[PDB]
Amino acid sequence: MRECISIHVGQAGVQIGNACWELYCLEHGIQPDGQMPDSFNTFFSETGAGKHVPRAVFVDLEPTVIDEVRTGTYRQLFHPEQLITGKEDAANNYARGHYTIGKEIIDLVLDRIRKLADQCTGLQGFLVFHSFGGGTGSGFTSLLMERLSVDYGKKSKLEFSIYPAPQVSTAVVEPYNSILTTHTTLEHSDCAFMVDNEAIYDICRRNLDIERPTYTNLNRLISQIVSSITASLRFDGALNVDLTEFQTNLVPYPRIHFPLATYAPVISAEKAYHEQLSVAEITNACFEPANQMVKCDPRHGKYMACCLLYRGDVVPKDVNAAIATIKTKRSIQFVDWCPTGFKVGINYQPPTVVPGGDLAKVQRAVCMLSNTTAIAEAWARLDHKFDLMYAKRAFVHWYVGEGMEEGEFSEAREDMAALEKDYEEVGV
Amino acid sequence: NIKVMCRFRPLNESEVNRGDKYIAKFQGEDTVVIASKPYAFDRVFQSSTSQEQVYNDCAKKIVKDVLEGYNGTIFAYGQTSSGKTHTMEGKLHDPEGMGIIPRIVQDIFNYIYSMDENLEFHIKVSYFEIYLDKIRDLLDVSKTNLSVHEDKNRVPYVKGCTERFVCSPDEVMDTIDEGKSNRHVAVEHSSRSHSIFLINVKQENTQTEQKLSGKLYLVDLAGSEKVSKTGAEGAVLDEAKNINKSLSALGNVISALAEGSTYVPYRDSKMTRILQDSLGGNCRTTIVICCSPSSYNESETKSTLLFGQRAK
Amino acid sequence: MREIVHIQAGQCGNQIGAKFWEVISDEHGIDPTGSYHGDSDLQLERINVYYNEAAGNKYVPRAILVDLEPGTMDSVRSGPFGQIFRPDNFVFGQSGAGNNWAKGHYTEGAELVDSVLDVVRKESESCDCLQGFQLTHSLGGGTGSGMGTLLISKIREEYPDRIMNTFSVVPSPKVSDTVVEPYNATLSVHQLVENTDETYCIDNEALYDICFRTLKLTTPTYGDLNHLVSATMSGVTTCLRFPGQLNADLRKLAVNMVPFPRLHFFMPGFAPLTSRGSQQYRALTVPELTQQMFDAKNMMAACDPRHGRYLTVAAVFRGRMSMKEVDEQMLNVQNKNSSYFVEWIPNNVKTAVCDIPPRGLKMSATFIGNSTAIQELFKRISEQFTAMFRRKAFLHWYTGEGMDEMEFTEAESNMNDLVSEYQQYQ
Ligand SMILES: CC(=O)O[C@H]1C(=O)[C@@]2(C)[C@H]([C@H](OC(=O)c3ccccc3)[C@]3(O)C[C@H](OC(=O)[C@H](O)[C@@H](NC(=O)c4ccccc4)c4ccccc4)C(C)=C1C3(C)C)[C@]1(OC(C)=O)CO[C@@H]1C[C@@H]2O
Ligand SMILES: Nc1nc2c(ncn2[C@@H]2O[C@H](COP(=O)(O)OP(=O)(O)OP(=O)(O)O)[C@@H](O)[C@H]2O)c(=O)[nH]1
Ligand SMILES: Nc1nc2c(ncn2[C@@H]2O[C@H](COP(=O)(O)OP(=O)(O)O)[C@@H](O)[C@H]2O)c(=O)[nH]1
Ligand SMILES: Nc1ncnc2c1ncn2[C@@H]1O[C@H](COP(=O)(O)OP(=O)(O)O)[C@@H](O)[C@H]1O
Ligand SMILES: [Mg+2]
């Protein structure tokens, strides 16, 4: 069988998981109490009396959001030992989430992960949701990833992270945490997907015609992306592609594994009509520079490999026609050493509409995952922010006050510079 | 001005059989490169350098300035089994392998033996350590929570610290031994606390009726420890946190002094507060960092080199 | 689960704390008798932060009141909310401080600090996981300044890894009631700059000006000032007891707001603030709150933010609101006023949003600022201290309790060094 394990660490990860599990329960027809009135074994497991239990682990060092989960509308779904909670939060400190407070619940979460893995026959990989910038999402994720790499090793690990925006920001010590966690994520992960809140805000403003978006809409969009990725494992259709095929068609070199995602068509109910929304139109809209979920225009770079994941009513002839039209264009530039850089996947299961949502019931949707050389601009901006704040050594005494030396910052900066250099040199 | 000196030690017999290899590469006499990354300093010593060269090139001018009524300060930072004790104390009587402190007392005493008869000298010695940000007295175990104040000339000092006179190098060595016999040492001989040693020399001309006071400071900096790679619990974790914070504060103070900033954060930690008189202005200070070139100790060597480079 | 121990020292501290406890009890829905008469589960969900359980559904505050005179104690005990405190938590002497820092800190406070520390220790051992300590006092008085400083030193010795935040009322230039205020203020700052994690500076002149201009009050009294201070105190720590989209702890605020260890002096704020008969003509949205918060006539410290630049600004929103609006407002505030913010720190503003507004409001926001304009306050205090110290005026009272001039000299040097630190980044 084909199963995956989901880990949500930090507040952002927990809320993304709330949205994702609501979406999964809606898709597979499972009520919040776990009773449904074989396409579900991927994310759930039976108990012998009709109850279905998710394969998820919720971890946070602060008891606030998890307590909201335990008393919410999905209180009867999760196993009470999966929701794990500490005493005091990381307070936006990498060291506190790494060691000082980390070595109090790490054994518990490792035991829970072992218990979930011992009950699954054909494990496919892990799905980690966290946010860069926070103490927990940058420090506790590193420790857990290191332990999993030591223990399991050969199993794939996919990450879905929130990257700091160019201008919009929330904390003041975000660059430090982001630099440390992106130093950690190059050694242990396998395919890291990054998004930022500003691009999704702009997408909601222009496409969805909503002027005051909140976190719920962003979480719903990310959940739709993840569901589109996992639909191939869950359902059936022509040209199905699983995780290992994704990685062997998307990652040319070992360290070039940082794609950026895009979804289409994100349309409202008022614009659901009055529009054709054929295969060609949806495919073309995905290459626009204003629909990317990362603040970086693809025009200032070259693509390497892109995988198209159609779902709904799609015929391969239309896909080939759209691919030819995309290839004949000039503003979209591929590298010379990749004569064929398209991976096509189709599924028969149309997207599902959540009640009280901003999306419309469409007959077909696409999800393109491509890794271009235009992803280094965000890293350059964040590194410039980091060095500007680190020249004066501000907010440093908080980090060294938890047993963390001063060499880690320089080492992580060197690693990020090396990664940017690798991307630039492979682009040419 | 601030001077940084780096010393390297040879591969001993107890570790040569394991097949370790050198990592350090030398260019000229002021650059040492590890993994194709330069680290420029004021002077880099090699394995063959004896103790006499180190003393003549690192501490002689500071000793000379003290005897004329100025102030000096010598630090010492390194990891365990990196050469710290060999370059600081060593064998206490060998005329070739003795450390820096025996040569310091020898030079400071050979001048008192040769300066006329109309000058009167006194020697004062103090020995206090910093542990968990609380000053203790190594020469009097009764005192445990001493404090720091300022006199009229806003020149800081330590209140209540034991101060005894000496008359010969034997007395200085004996009080050094007695003080060291009470310092905090973990389970091979790793120090868990910073140590400060003061040698006060004051002179009064009987004829000219002019008074000159001079202070020499010897500081043994404890080693920074990366907690994530060890597994510290309880008291060890607190000691590591305090050591790291104090070293970071000292580095910040030295960097601010070197860069010529208008404001120098002298009041961020106890150690920089005490040495406020003998750090800036017309004061000469030198820092000696001891490193190990074996591949088994690359990470700690890099950390020590980075701490040295932070000063600049 | 992240409990807070509350200590009130002196008359001003006691009255501010009484108003604060009335406000908190109203927010959580607790009758003066100590019972629960609320209407929501979120009120009782996190009640252990400020209250202790008792037999038969009763809640007692974790508050300790200390004074050297029995007047404020039985003035508080006769108030509307005097039946709520534990009678064993009252600790007092008989001989007053007499507006003498030396007396309260050396002679009569040393004969009472043991009992206060005993009750503090007893209160702090019933907590599952401590978070920090709260102190309310006034720097210009005798018992408040000295007693609070001594308690702070003792607690920082006993508990060295806990948050310590104090809400200290600062002497004002054009409003004064004591002739020896600068001495007390300097001797208190000399210790607050060392033994505190984050202190909030408040003065009566700014509160009077707010009441006169913004609220259009005719005859303000001390009740309104205490009420404003209590409102900002309650708004500081709203994320420790209510859910929200973004949660910020006290240690989170300390990490984000304090670049270097000494610079931990803040000027609080609040919004919205309007007058009766003028609320129907104003729309309440995020832009209005943002505009009001960053106004020079809304801070509770008698300093002009225009004569300086901010280092870090923390804005805690309460209510239902969009995150994009908050982010865009906090970005365009810095973009429009780039000359009022430090250039080498990107994103000077931190946003925390909670979804439980205060009763009777749709939206509320608290403002915490760390600006270099706070230097002029210490400048005035040091100038007055120098004026009164050359002639040794009113000095034999302090030296008559066991002090020395060296304490005054060291305190002045420390305050001057703090002023030099704040000016450097301008
Ligand atoms: C019809 C209506 O909306 O009336 C408002 C009101 O008119 C105004 C003017 C209120 C009013 O406040 C004052 O006039 C005031 C008096 C003394 C000190 C400070 C303020 C109000 O009294 C105060 C009251 O505040 C609350 O209810 C909050 O929960 C507040 N509560 C208390 O301070 C409190 C008072 C008495 C007993 C127990 C609690 C609070 C604020 C922060 C944290 C916790 C609680 C409100 C909204 C109003 C009135 C009633 C007129 C204002 O104050 C507050 C704190 O909201 C003054 O400027 C604001 C803007 C409000 O719109
Ligand atoms: N999409 C989304 N992003 C969020 C959400 N909450 C916070 N973020 C982002 O996450 C970053 C802040 O990190 P958090 O996840 O809140 O912090 P944390 O991981 O809980 O760590 P601590 O609270 O410090 O222990 C900022 O960039 C926020 O914009 C959310 O609910 N949804
Ligand atoms: N807000 C407020 N301030 C007060 C109150 N009582 C005194 N003050 C101020 O506190 C300072 C005097 O100190 P005080 O507390 O009375 O002296 P103490 O009793 O010895 O601590 C002056 O600046 C007063 O304006 C009060 O009830 N409320
Ligand atoms: N520069 C050097 N040249 C030769 N031998 C050295 C040198 N530095 C140290 N050693 C050798 O190292 C041994 C122990 O080093 P030590 O000073 O005890 O380090 P630590 O005190 O940190 O344990 C000594 O026996 C000494 O012979
Ligand atoms: Mg959190």
# chains A, B, ... in the order shown; residues from 1 in each chain; ligands from 1
call {"tool": "residues_near_ligand", "arguments": {"ligand": "ligand 3", "cutoff": "6 Å", "atoms": "only C-alpha atoms and all ligand atoms", "output": "list in words"}}
result
residues 10, 11, 12, 15, 99, 138, 140, 141, 142, 143, 144, 171, 177, 222, 225 and 226 of chain C
call {"tool": "write_last_selection", "arguments": {"atoms": "C-alpha atoms", "output": "compact mmCIF listing (two decimals), in the first residue's frame"}}
result
# COMPACT_ATOMS: atom_id res chain seq x y z
CA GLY C 10 3.93 52.10 47.69
CA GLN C 11 0.80 54.21 47.47
CA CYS C 12 0.93 54.85 43.72
CA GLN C 15 -3.69 52.20 43.64
CA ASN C 99 10.12 60.22 51.04
CA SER C 138 6.79 55.10 41.45
CA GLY C 140 9.97 59.57 42.84
CA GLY C 141 8.80 58.28 46.22
CA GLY C 142 10.63 56.83 49.18
CA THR C 143 9.01 53.48 49.96
CA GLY C 144 8.13 52.58 46.37
CA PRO C 171 9.02 62.30 37.63
CA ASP C 177 4.96 67.13 44.44
CA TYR C 222 -6.01 60.14 39.59
CA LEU C 225 -4.65 58.10 35.01
CA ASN C 226 -4.62 54.80 36.89
call {"tool": "residues_around", "arguments": {"residues": "residue A:174", "least_positions_apart": "2", "cutoff": "8 Å", "atoms": "only C-alpha atoms", "output": "ChimeraX atom specification"}}
result
/A:132-134,164,171-172,176-178
call {"tool": "write_last_selection", "arguments": {"atoms": "C-alpha atoms", "output": "PDB file, in the first residue's frame"}}
result
ATOM      1  CA  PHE A 132      10.868  30.017   8.429  1.00  0.00           C
ATOM      2  CA  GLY A 133      11.517  32.843  10.862  1.00  0.00           C
ATOM      3  CA  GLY A 134       9.934  31.423  13.975  1.00  0.00           C
ATOM      4  CA  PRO A 164      10.045  35.757   4.412  1.00  0.00           C
ATOM      5  CA  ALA A 171       9.164  39.717  13.363  1.00  0.00           C
ATOM      6  CA  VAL A 172      12.419  41.642  13.690  1.00  0.00           C
ATOM      7  CA  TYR A 176      18.671  35.097  11.412  1.00  0.00           C
ATOM      8  CA  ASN A 177      16.205  32.234  11.836  1.00  0.00           C
ATOM      9  CA  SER A 178      15.622  31.931   8.094  1.00  0.00           C
TER      10      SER A 178
END
call {"tool": "residues_around", "arguments": {"residues": "stretch 4-8 of chain B", "least_positions_apart": "2", "cutoff": "6 Å", "atoms": "only C-alpha atoms", "output": "VMD selection string"}}
result
chain B and resid 42 to 47 286 to 292
call {"tool": "interface_residues", "arguments": {"of": "chain B", "to": "chain A", "cutoff": "10 Å", "atoms": "only C-alpha atoms", "output": "PyMOL selection string"}}
result
chain B and resi 224-229+231-233+237-249+252+256+299+302-304+306-307+310
call {"tool": "closest_residue", "arguments": {"among": "C:411, C:354, C:228, C:301", "to": "chain A", "atoms": "only C-alpha atoms"}}
result
C:354
call {"tool": "atom_distance", "arguments": {"atom1": "atom CA of residue A:142", "atom2": "atom CA of residue A:185"}}
result
7.5 Å
